Every structure is written in C-alpha cells, then in structure tokens.
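One-letter residues, chain by chain:
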Number of protein chains: 2
Amino acid sequence: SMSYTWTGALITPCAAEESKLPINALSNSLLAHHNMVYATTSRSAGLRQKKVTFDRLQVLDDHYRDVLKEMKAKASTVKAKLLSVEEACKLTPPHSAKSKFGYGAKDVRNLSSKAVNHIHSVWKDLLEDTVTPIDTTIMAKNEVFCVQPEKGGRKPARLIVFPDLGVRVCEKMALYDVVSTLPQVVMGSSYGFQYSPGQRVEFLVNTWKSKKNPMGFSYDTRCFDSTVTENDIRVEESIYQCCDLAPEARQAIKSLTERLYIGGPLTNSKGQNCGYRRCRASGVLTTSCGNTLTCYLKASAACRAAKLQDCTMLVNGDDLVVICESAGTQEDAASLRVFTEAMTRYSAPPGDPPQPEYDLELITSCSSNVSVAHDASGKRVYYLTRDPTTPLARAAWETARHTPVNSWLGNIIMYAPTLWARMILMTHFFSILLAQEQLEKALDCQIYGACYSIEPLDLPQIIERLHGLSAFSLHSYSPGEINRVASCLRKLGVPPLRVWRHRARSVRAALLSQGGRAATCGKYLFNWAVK
Amino acid sequence: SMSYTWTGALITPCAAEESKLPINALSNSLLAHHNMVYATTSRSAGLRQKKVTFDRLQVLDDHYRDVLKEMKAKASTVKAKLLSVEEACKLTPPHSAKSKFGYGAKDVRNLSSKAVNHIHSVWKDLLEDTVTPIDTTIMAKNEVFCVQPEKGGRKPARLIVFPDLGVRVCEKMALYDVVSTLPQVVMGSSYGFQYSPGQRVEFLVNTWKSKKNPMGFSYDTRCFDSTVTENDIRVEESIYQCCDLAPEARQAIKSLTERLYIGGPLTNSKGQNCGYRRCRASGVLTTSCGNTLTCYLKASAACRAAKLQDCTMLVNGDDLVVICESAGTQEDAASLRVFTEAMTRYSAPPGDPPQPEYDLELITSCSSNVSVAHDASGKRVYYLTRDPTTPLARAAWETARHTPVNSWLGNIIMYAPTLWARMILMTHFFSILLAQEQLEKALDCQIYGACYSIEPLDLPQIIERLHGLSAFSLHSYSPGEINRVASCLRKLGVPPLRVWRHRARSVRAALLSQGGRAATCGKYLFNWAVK
C-alpha cells in the first residue's frame with residue numbers, strides 16, 4: 001500500500017513562517033555566519049511529501065514471528081488502568097493545539113465545562129463507533145538547522161499529523177498507563193527512554209566493555225514513520241491487547257487503531273482535504289511507543305537473521321543502536337548487509353547504509369555519542385555529547401527572538417558535562433542574563449517530554465542531581481571531541497574556545513560579586529573558567 | 001494510647017476569621033434569619049480538642065482477623081505503579097497550601113525548578129530515613145453552618161492536620177495509584193466513591209428491594225479520625241503492602257506510615273509545638289482510603305458478630321450504611337446493640353446510637369438520603385436528596401462574599417434532581433447572573449475532589465450527563481421531602497416555595513428572551529417554572 005495518497009491540496013501554514021536567522025548584534029556575538037542557519041516552512045512540503053510517499057512491501061518470517069510471540073508473552077504480564085477524563089486532562093501539555101471545538105490546553109488543564117463535556121462525548125463515540133475514520137490535520141513543522149553542503153544542505157520541513165485535542169485527551173485515557181509501563185516490560189534494558197543521559201552512557205559503556213571484541217552500529221531507517229504498515233499498527237494493537245485492561249479500554253484501543261492509528265484522511269490548516277495517510281501519524285500518544293515496539297521487533301528478528309553474536313540493542317524511537325561481538329571486520333560487513341537485507345524485508349529500509357564501528361565514541365544514537373574526560377581527582381568520566389552545530393544554530397536564533405521555547409536551556413541541562421555546553425551556552429546566556437536583569441526570571445524549557453519552568457539560579461542544583469558534580473570539574477576532553485567542537489565553530493563563525501574562556505572569566509566574576517545564589521553559579525558553572 | 005497529647009500551645013489562625021454572616025440586598029433576598037448562619041474559627045479549637053482527645057482501648061477477635069485476611073487476599077491481586085515527580089505534580093490541586101520551602105501549588109503544577117528539586121530531595125529522604133517523625137501543621141477549619149439547639153448548638157471548628165506540600169506530593173508518588181484501585185478491589189460494590197449520585201441511588205434501591213423485609217441503618221462513629229489506632233494505621237500499611245508494588249514504593253509507604261501516618265508532632269501556624277498526634281491525620285493522601293478500608297474492616301467483623309442476615313454495606317469515609325434482612329423489630333434492636341458493642345470493641349464507638357430503619361427514605365448516609373418523584377411520562381424516579389439547611393446557609397454566605405468555591409454551584413450539580421436545588425439555588429443564582437452580566441463567566445466549583453471551571457451556560461449539558469433529563473421534568477415529590485424542605489425554609493427565614501416559583505417564572509423569561517444558549521437554560525433548568 002502507498003504510505004500516502006495526496007490530492008492537489010496544499011499543506012498550508014497557520015501563522016507567519018520565518019525563513020532566515022534575524023540579524024542581532026548580540027546574536028552575531030555568538031554566530032557570524034547567519035546565512036547558514038535556517039528554519040523550515042510549508043514551502044518545503046512538496047519536497048517532503050515526495051520523500052515520504054512510496055509503496056511498502058513487507059514480508060515476514062519465523063524470526064519475526066518468534067520475537068513477536070516472545071514480546072506478547074511479556075506484554076501479557078502487564079496490567080494497565082484507564083485514566084479518568086479528569087486525570088487525562090491534568091496530564092495534557094500546556095501549549096498543545098487548541099481544539100476545533102471551542103477550547104484549548106489551558107481549558108483542559110483547568111477542567112473547564114466546555115472541555116470536560118466535549119471529551120466525554122468524544123469518548124462515548126470512540127466506544128460506540130469503531131469504524132468511521134477519525135479526522136487529523138497535517139502541518140509543516142518549523143525547525144531551525146544549519147546548512148550542510150556535503151549533501152542536500154537544506155532539509156524540507158518535517159510533516160506532522162495530529163487528531164485534535166478532544167480525541168488526543170481520549171487517547172491518554174485509554175493508553176497513557178499502557179504507553180508507560182508496557183514498553184519497558186517487553187524489552188527490558190533495551191527500552192531507551194528509561195535512561196537519563198548518564199544512565200544511557202552507563203548502559204552503553206557497560207555493554208561495550210562486556211564484549212571481547214565489541215562491534216557497534218546505529219541503524220537509520222528512511223522516513224521510519226512512513227515505513228510503518230497497517231500490519232505493523234495492528235500488531236501493536238495485538239500487543240496492547242495482551243495486557244490486563246479494562247473492557248472500556250480495549251474498546252477504545254481497538255477503535256482508536258481502526259479509526260486513527262491504522263491511517264486516515266489528512267486535512268489543511270485551511271480545512272481542505274489534503275489526501276490520505278496509510279502509515280504512522282506523528283502526532284498521537286501511540287507514536288513513540290509504537291515506533292519503539294516495532295523498531296525493536298524488526299531489529300530483533302533482523303539480528304537473528306544476520307546471526308549476530310551477543311546482540312544488545314538500545315531502542316528509542318525509530319532510533320536503533322546494536323552492539324555485539326565482532327566476527328571479524330569482513331565478517332561483520334557481511335552481517336550488517338544481511339541485517340539490513342532482513343530489515344528492509346520487514347519494511348524498514350535504511351537511509352544511509354549502516355557501517356560497523358569499533359570505536360564507541362564514533363557511534364551516534366539519538367543524535368548523541370559517548371565520550372571521555374577526567375574529573376578533578378583525575379579519574380575517567382564517561383559522559384554523553386553530540387555535534388554542537390544544531391544546538392548552536394538554535395542557540396543563535398533563540399537569541400535573536402523571544403521564541404517561547406528555550407532549547408538552549410535544554411541543551412545546557414542535558415549536555416551539562418560537555419565542553420561546548422559549558423564554555424559557550426552557559427557563558428553566552430549567563431552573559432545575557434547578567435546584562436539584563438532577568439537572572440531570577442524562570443523560563444519555559446522543554447525536556448524529556450515535559451515543559452518545565454526553570455529558574456536560572458537553579459542550574460547548579462539540577463545539573464548536580466542529573467550528572468553528579470563531576471560536571472563542574474571535568475577536563476581533558478578526548479582529542480576528537482575537542483577537535484569536532486573547534487571545527488564546528490569555524491563553520492558556524494562563532495568565537496573560538498579561547499574567547500569564551502575569557503567571556504566566562506568575567507561572567508564568573510560579575511556573578512561571584514553579585515551575591516550568594518548567583519555567586520553559587522559562578523562557583524560551580526564557571527569553576528573551570530579560571531584554572 | 002491517647003489520641004492526642006496537647007501542650008498548652010494555642011492552635012492559631014492564619015488570616016482573618018468571619019463568624020457572623022454578611023448581609024446585602026441579595027442575601028436577605030434568600031436568607032432573613034442571618035443570625036443563624038455562622039462560620040467556625042480557631043476560637044472553638046479548645047472545645048474541639050476536648051472532643052477528639054481520649055484513650056483508645058482496642059480488642060480484636062477472629063471475626064476481625066478473618067475479614068482482614070480476606071481483604072489482604074484481594075489486595076494481593078492488585079498491582080500499582082509509582083508516579084514520577086512530574087506526574088505527581090500535574091495531579092496536585094490548584095489551591096493547596098504553599099510549602100514552607102519557597103514554592104506553591106501553581107509552582108508545583110508548573111514543574112518549576114524550585115518545587116521539582118525540593119520534592120526530589122524530600123523523596124530521597126523518605127527512602128533513606130524511615131524513622132524521624134515528619135512534621136505536620138494543625139489548623140482550625142472555617143466552615144459555614146446553621147445553628148441547631150437540637151443538641152448543644154454551634155459546632156466547634158474542625159481540626160485539620162497536614163504534612164506540607166513537598167511531602168504531600170511524595171505521598172502521591174507512592175500511593176496515588178494504590179489509593180485509587182485498591183479500595184474498590186477489596187470491597188467491590190461496598191466502596192462508595194465509585195458511585196455517582198444516581199448510581200449510589202441505584203445501588204441502594206436495588207439492594208433495598210433485594211431483601212424480603214429490608215432493614216437499614218447508618219452507623220456514625222464519634223470523631224472517627226481520633227478513633228483510629230496505630231494498630232489500624234499499621235494494618236492499613238500491611239494491606240497496601242500486599243499489592244504488587246515497586247521496591248521504592250514499598251520503602252516510601254513503610255516510611256510514610258512510620259514517619260507520618262502512625263502519628264507525630266503537631267505545630268502552630270505560628271510555628272510552636274502544639275502537641276502530639278497518635279491517630280489519623282485528616283490531611284494526607286491516605287486519609288479517605290485508610291478510613292474506608294478500616295471502617296469496612298471493623299463494620300464487616302461487627303456485622304458477623306451481630307449475626308446480621310444478608311448484610312450489604314456501603315462505605316465512604318468513616319461513613320457507613322448497612323442494609324440487611326430484618327429478623328423482627330425486637331430482634332433487630334438487639335442486633336444493632338451487639339453490632340455497636342463489637343464496633344466499640346474495635347475502637348469505633350458510636351456518636352449517636354444507631355436506629356434500625358424500615359423506610360429507605362429515612363436512612364441518611366453521606367448526609368444524604370434516597371427519595372421518590374415522577375418523571376414527565378409519569379414513571380417513578382429515585383434520586384438523591386439531603387436536608388437543605390447547610391446548602392442554603394452556605395448559599396447565603398457565598399452570596400455576600402467572593403468565595404473561591406461556589407459550594408452552591410456544587411449542590412446545584414450534585415442535587416440537580418432535587419426540589420430545593422431546582423426551585424431555589426438555580427432560580428436565586430441564575431437571578432444574580434442575569435442581574436449582573438456574569439452569565440458567561442466560568443466559576444471555580446469543587447466536586448468529587450476535583451476543582452472545575454464551570455460556565456453557567458453548561459449546566460443543562462452537565463446535569464443531563466449526570467442525571468438523565470428526568471432531572472428537568474420531575475414532579476410529585478414525596479410528601480416527606482416536600483415537608484422537610486418547606487420546614488427548613490421557615491427556620492432559615494427564606495422565601496416560601498411559591499415565591500420561588502414566581503422568581504423563576506421571570507428568570508425563565510429574561511433568559512428565554514436573551515438568546516440561544518441562555519434560552520436553553522430557560523427551557524431546561526426552568527421548564528418546571530411554568531406548568
């Protein structure tokens with residue numbers, strides 16, 4: 001079946017779509033090559049549509065079936081409860097899309113009459129009608145990136161398909177408790193979302209050291225969401241069904257998969273029919289869970305097909321990393337291909353061919369990799385890093401706009417231990433916060449799903465609880481890490497690491513002298529700044 | 001063991017405390033005998049303290065033990081998950097008490113740095129330290145009532161003991177999922193909170209008709225909270241422990257019961273040691289669950305001790321109603337006494353001696369009773385009512401005050417089918433809403449725990465969903481109900497039912513003419529007003 005079937009209708013935007021990075025004298029202070037940072041818009045839609053639209057031919061085998069039966073077996077040990085309309089409401093995110101029926105997120109979070117009522121009926125309908133395809137709207141996501149000449153350079157806006165607040169809350173009622181527990185029960189340590197940056201590192205590093213001759217590789221599937229077959233979606237349902245669920249939950253889950261998950265009609269921000277979807281929707285409660293489950297199912301069977309030894313997989317979304325015992329370089333190269341052969345057979349073709357890695361640091365999963373540094377006492381400390389291009393590009397942008405989302409603050413927290421987050425992000429922004437008076441002003445920062453209200457003067461406490469303290473005194477970064485960062489900076493036209501060391505020196509001072517709490521930041525976040 | 005040991009420290013207030021009822025053109029228009037409506041204050045504290053302070057001598061027997069083992073057996077079929085700090089935060093009520101550590105409810109609901117951090121440590125402490133008695137503050141609740149020389153008029157302010165935001169959220173993390181599921185699994189249909197007003201009526205009426213010669217009685221325990229023994233609290237814990245829980249959950253539950261539930265130090269709003277508690281705290285997540293469980297345990301064993309036939313119990317808090325087969329009037333009178341004899345033996349002495357009832361309407365549980373009326377087609381319709389004194393008194397007060405909760409709106413919704421809620425509350429307030437312009441202005445109304453933001457123009461939809469429609473066309477109220485209401489009004493000095501019929505007539509008109517939505521109210525809420 002075709003992943004999508006479109007219809008002349010254009011995927012229209014809903015507000016002003018920014019294209020170029022705004023020219024700020026302060027942003028220039030961090031990014032001079034602004035003509036390399038761009039945001040995606042509806043205009044790319046067409047390009048995107050051609051990338052995600054194709055026929056899927058899936059063929060399963062015993063490897064697949066055995067893994068699936070094994071999974072169901074474990075799913076059958078799970079018990080999940082229905083959430084009440086109210087609970088499901090208190091769990092809906094603060095800035096979700098308003099509903100086409102007169103109410104928004106605030107309204108939901110407040111248990112307003114309008115919302116609560118609508119939900120209830122939307123719920124009564126799921127239960128009573130289990131066939132009418134549910135409506136979803138398709139949009140072109142606006143995300144900031146940096147040009148990459150080595151290839152197409154500019155990437156076409158991502159496409160997001162979502163069902164509508166009312167329904168979206170009903171999903172929670174029916175699957176919130178499942179989407180949670182179930183993934184981790186089925187794949188144990190393989191379920192990536194259970195780990196924090198450091199626990200991820202700890203799990204990867206321990207697994208790596210557990211092989212006599214470790215070989216690892218990340219596998220990237222081409223437009224994973226579009227590779228998901230109705231078969232896949234139904235298989236997910238069967239697994240969810242193996243759980244001990246309330247009768248009403250079963251009805252909704254079945255109904256939701258037939259009326260939404262399996263696929264459905266796509267419609268404009270203008271209201272016109274845009275086409276039909278026959279693959280995964282990106283905007284449903286079930287997306288991450290289903291993708292993890294499916295990616296894991298396929299990958300497991302593919303591993304068995306390639307006869308990989310001591311496989312250990314880490315799966316997040318469509319994101320997948322495998323680590324095993326090397327059978328020899330030539331032997332691994334063949335394995336990989338058989339792996340990817342079976343993988344595409346399962347309808348999960350690769351984007352760029354997987355390459356075997358023998359150097360843990362060179363393995364990138366979830367856009368990140370493991371690296372080494374040393375702590376004060378001088379011991380080895382493994383932390384998680386990533387190329388800083390995107391975090392920087394976005395840092396820039398969010399410096400030249402109010403942008404209600406502080407991705408920068410997110411990276412400062414998630415990558416606190418890293419060389420770049422410490423010397424640049426922290427410096428650069430604690431700079432602006434000192435300049436202005438907004439040092440006590442909380443900021444909305446999104447991370448691990450949730451949206452937090454973070455007070456800058458709390459970073460020390462957060463970072464400590466997240467990474468340990470080592471994070472305030474790490475040094476001697478791997479030559480490769482240091483090299484990549486420095487490189488990245490030239491490309492983006494940002495001040496060199498030595499300049500930041502300076503800007504930090506003052507920051508540490510202006511802060512240390514400005515009080516106690518702020519001093520505490522100066523002491524910890526910038527302890528490295530001076531000796 | 002003494003329920004409390006005080007220490008000459010006064011239970012101090014926290015703000016201003018209104019005692020007398022405020023008047024105005026509007027309030028007198030609904031209540032003329034204002035000198036009968038009063039609010040409780042810290043001043044009654046002393047009286048209250050003497051009422052709740054006494055020694056408890058509990059003695060158990062096989063009846064108790066058999067029911068307890070039966071309960072555990074069912075509890076052992078329950079699986080409960082830990083909530084994450086974030087989830088527990090999104091579940092904390094909007095206007096809870098601020099924390100003595102720099103953050104409030106809004107802060108918690110927003111996942112602010114300050115709160116999230118504190119919680120985490122509060123949680124790490126519960127796990128690590130399982131003995132230090134946790135601190136709780138004691139207050140004097142301010143509630144509105146109507147005088148009644150029926151007994152020693154004027155009731156002393158209720159006392160509330162609570163642990164503090166941080167801890168309070170940790171309770172949710174550990175027991176939210178338990179406190180939910182567990183109660184209903186153990187006592188099936190006996191668990192009262194599972195029923196809506198109508199389902200309660202349906203459950204009572206069905207049970208009543210199921211006996212050849214029904215006999216029913218509500219049992220009121222004297223200051224139930226103070227009758228709970230450490231034994232009782234530990235027994236609760238053992239039951240919670242029978243569940244399939246995460247290791248961390250067990251640690252916290254055990255810790256919380258030893259450091260909080262079991263008992264602890266009480267302290268002023270000023271900060272001074274007020275005394276020590278050795279019984280149930282009124283302000284913990286565990287109160288309602290524990291009370292239901294314990295009340296049910298004792299009651300069941302007491303029922304067996306009294307050899308009651310076909311017992312069926314409905315338990316809410318400390319609230320208890322039993323319905324059984326009558327063994328004869330004289331035979332039942334004896335049974336009751338043996339029941340209450342065994343009940344006090346279990347440390348649950350009666351306030352006012354229980355009296356056997358043979359007329360379902362005369363049985364009041366949860367401050368309510370079942371009553372009959374007829375719908376449009378003329379069929380019999382059973383609904384739930386209660387004496388309107390308190391709802392009226394409070395309706396008055398809240399008319400001459402802003403008040404964060406529209407108790408009145410709560411009663412209008414919970415008792416929509418009742419004669420009084422319909423002819424007075426609805427009329428009186430839709431009146432004020434028409435007078436002023438606040439007809440579309442949502443209002444904060446508390447019900448079934450939650451705090452909703454209700455838009456007045458939505459009552460029809462809510463009432464319908466809650467009661468059925470019959471609620472808009474019921475008539476021919478039992479003579480006793482009509483009698484009680486009318487009586488109640490004279491006492492409170494409120495306009496007679498005929499006057500309200502008039503005030504309603506206009507309201508129905510002013511509304512019907514003012515549009516569509518508002519018209520819809522006029523059509524439904526006031527359809528009775530004119531023929």
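This deposited entry lists X-ray crystallography as its structure determination method and 2.8 Å as its resolution.

Per the header of the deposited record, the title is "CRYSTAL STRUCTURE OF THE RNA-DEPENDENT RNA POLYMERASE OF HEPATITIS C VIRUS".

Now for the sheet that holds strand β6 (residues 214-219) of chain B. All names here are of chain B. If you trace the three strands from one edge of the open sheet to the other, you get β6-β10-β9, paired in antiparallel fashion. Strands at the two margins of the open sheet, each flanked by one partner only, are β6 and β9 (309-315). Taken pair by pair, the neighbouring strands of this sheet meet at an average axis angle of 20°, ignoring direction. Pairing geometry for β6 and strand β10 (residues 320-325), over six bridges, is antiparallel. Looking at the pairing, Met 215 lines up with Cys 324 of β10.

Under the definition given, this model contains 26 aromatic pairs over all chains. Centre to centre, the rings of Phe472(A) and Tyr524(A) are 5.2 Å apart; their planes meet at 80°, and the pair counts as edge-to-face. A residue pair is termed long-range when its members are at least 10 positions apart, and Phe472(A) in the loop between α16 (459-467) and α17 (479-492) and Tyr524(A) in helix α19 (residues 517-524) qualify at 52 residues. On the basis of relative accessibility, which here comes to 6%, the residue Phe472(A) falls in the buried class. Each member of the aromatic cluster is reached from another via a ring pair, and the members are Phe217(A), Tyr219(A) and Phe339(A). Taking the ring centre of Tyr38(B) as reference, the NZ or CZ of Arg154(B) above it sits at 4.7 Å. Over the ring of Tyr346(B) we find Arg345(B), and its NZ or CZ is 5.8 Å from the ring centre.

When the parts of a complex come together, some accessible area is lost, and that lost area is often used as the size of the interface. Residue and element names in this part refer to chain A. Here chain A is described as being made up of domain 1 (1-55 + 133-163 + 263-278), domain 2 (56-132 + 164-186 + 229-262 + 279-285), domain 3 (188-228 + 286-366) and domain 4 (367-531). Spacing between the C-alpha centres of domain 1 and domain 4 amounts to 30 Å. On the domain 4 side, the residues contacting the 21 residues of domain 1 number 21 residues. For the pair domain 1 and domain 4, the two sides together bury roughly 1700 Å², of which 71% comes from carbon and sulfur. Linking domain 1 to domain 4 there are two salt bridges. A salt bridge links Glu 18 to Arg 401; the nearest nitrogen and oxygen atoms lie 3.2 Å apart. Linking domain 1 with domain 4 are six residue pairs in polar contact. Mapped by element, the contributors of at least two residues to the side of domain 1 that touches domain 4 are β2 (37-39) and β4 (144-146).

About the criteria used
- Here the residues of each chain are numbered from 1 in the order the sequence is written, which can differ from the numbering of the entry; residues without coordinates are not included.
- Chains carry letters and ligands carry numbers; both start at the beginning, A for chains and 1 for ligands, and go up in the order they are written.
- Based on all heavy atoms of the structure, the side-chain values leave hydrogens and waters out of the count.
- When DSSP finds at least two bridges between two strands, those strands are taken to pair.
- Per the convention used, a helix needs a DSSP run of H or I reaching at least four residues, while a strand needs a run of E reaching at least two, with both numbered from the N terminus.
- Interaxial angle, 0 to 180 degrees, is taken between N-to-C directions of lines fitted to C-alpha atoms, where a helix line uses only the stretch in contact.
- Pairing of aromatic side chains requires ring centres within 6.5 Å, counting the rings of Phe and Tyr and the six-membered ring of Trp. Pairs whose planes differ by under 30 degrees are stacked, by over 60 edge-to-face, and all others tilted.
- In this scheme, a residue with accessible area under 20% of its type's maximum is buried, one over 50% is exposed, and one in between is partly exposed, where area comes from a 1.4 Å probe on protein chains only.
- Should the NZ of a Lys or the CZ of an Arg lie within 6 Å of a ring centre and within 35 degrees of the ring normal, that charge is described as sitting over the ring.
- In this document the domain limits rely on a domain assignment from an automatic tool or a database.
- Any two residues whose heavy atoms approach within 4.5 Å are treated as being in contact.
- Two parts lose some accessible area (1.4 Å probe) when they are put together, and adding that loss for both gives the buried area.
- The salt bridge criterion pairs a side-chain nitrogen of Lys or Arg with a carboxyl oxygen of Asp or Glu, the two atoms within 4 Å.
- Polar contact criterion, stated in full: a pair of N or O atoms within 3.5 Å, where within protein one must be able to donate a hydrogen and the other to accept it, and residues adjacent in sequence count only if both atoms are side-chain atoms.

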